[PDB]
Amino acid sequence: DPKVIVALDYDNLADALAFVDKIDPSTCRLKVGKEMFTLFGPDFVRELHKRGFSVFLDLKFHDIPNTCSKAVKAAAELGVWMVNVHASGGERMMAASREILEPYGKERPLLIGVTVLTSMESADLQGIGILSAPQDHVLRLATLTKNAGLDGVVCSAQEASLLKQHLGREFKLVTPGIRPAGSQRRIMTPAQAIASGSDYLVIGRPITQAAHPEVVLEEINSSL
């Protein structure tokens, strides 16, 4: 169970594949987001599966229940390991998505909810009609996600321990915004996040921009 999910945020297929060729699929999982999926589609995800990697399809679906569920079903058809949706889409939308994956069995993708994007501070939330403190809104949405029957949520390292306390050990926490010691004490390290309760670490640049990415991943894995 590799804990690191490497973020692939390239605007060029050649560079992305050149990078993946340097990595052992038993040492990490990969994340394909809106940029690469909009540019290269499901064939890129298939290219990653052909290479032996498990993928986290980070498309944060957010639409009416019928549509969101069909998008999640499409992710299951692609055979991805994990897929996410916005908790702001509501309990009904999330429940419908979890229901449509039941026939896929034990191999279905893990279905994760997005609470409050890290880019949203109080002023940003007030702009979209949310008056609650961001931390309280995160708990509200994470709880809604668990109640809808989802597998976990994406959360920051700072939010991890509190979520794990309120929602339980089995509810999975996927955490981006991690940096190896060195390279700010305010940003948690992989070890600090895992200790806090993060189940998976989403790491991009520290690995993708490294001269020797296989070495950086080995160092991260060894530190855990």
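A residue's number is simply how far along the shown sequence it sits, counting from 1.
Chemist: What is the count, as a class, of unmodelled deposited residues between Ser183 and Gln184: none, 1 to 3, 4 to 9, or 10 or more?
Modeler: Per the deposited record, the segment joining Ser183 and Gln184 lacks coordinates for 4 to 9 residues.
Chemist: Decide which of the stretches 81-89 and 95-103 has the higher mean C-alpha B-factor, going by the entry.
Modeler: Higher mean C-alpha B-factor: 95-103.
Chemist: Of the two stretches 67-75 and 132-140, which shows the higher Cα B-factor on average in the entry?
Modeler: The stretch with the larger mean CA B-factor is 132-140.
Chemist: Consider only the C-alpha atoms of the modelled residues in this chain, order them by B-factor as the entry records it, and name the third containing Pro42: lowest, middle or highest.
Modeler: For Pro42, the deposited C-alpha B-factor lands in the middle third.
Chemist: Grab the CA temperature factor for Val202 from the record and place it in the lowest, middle or highest third of its chain.
Modeler: Lowest third.
Chemist: Is the Cα B-factor recorded for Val154 in the lowest, middle or highest third of its chain?
Modeler: Its C-alpha B-factor, which the entry lists for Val154, ranks in the lowest third among residues of this chain.
Chemist: Can you work out whether the C-alpha temperature factor of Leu8 puts it in the lowest, middle or highest third of the chain?
Modeler: According to the entry, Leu8 has a C-alpha B-factor in the chain's middle third.
Chemist: Could you look up the Cα B-factor of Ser54 in the entry and say which third of the chain it sits in: lowest, middle or highest?
Modeler: CA B-factor rank for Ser54: middle third.
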